[PDB]
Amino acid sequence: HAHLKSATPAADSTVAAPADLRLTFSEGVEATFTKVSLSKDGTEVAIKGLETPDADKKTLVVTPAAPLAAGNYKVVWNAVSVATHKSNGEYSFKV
């Protein structure tokens, strides 16, 4: 199963408004079937796009519609690996 190994913004870190979120998994994930919920103080934030650029499909780029307002973000993810297996988790961060 795909484990989330790291993100940027990194879990609990503080950053300036990033362009996007990068989620780096122990395995290839499918952009098509993978879900990522981004919420800011308990309100859905608009994700415009999910993509795996590289061919290993290990890094998931999650592009919000707007650049991110300063504050507290919860990421809830439901990965679907290149072998079709579902895993899930969550983490927080701030800008």
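The first residue of the sequence shown is number 1, and the count goes up from there.
Comparing the deposited coordinates for 66 to 74 and 53 to 61, the stretch with the larger average C-alpha B-factor is 66 to 74. Mean CA temperature factor is higher for 40 to 48 when stretches 40 to 48 and 23 to 31 are set side by side in the entry. Compared with the other modelled residues of the chain, the Cα B-factor recorded for residue 8 ranks in the highest third. Ranked within its chain, residue 17 lands in the highest third, by CA B factor from the PDB record.
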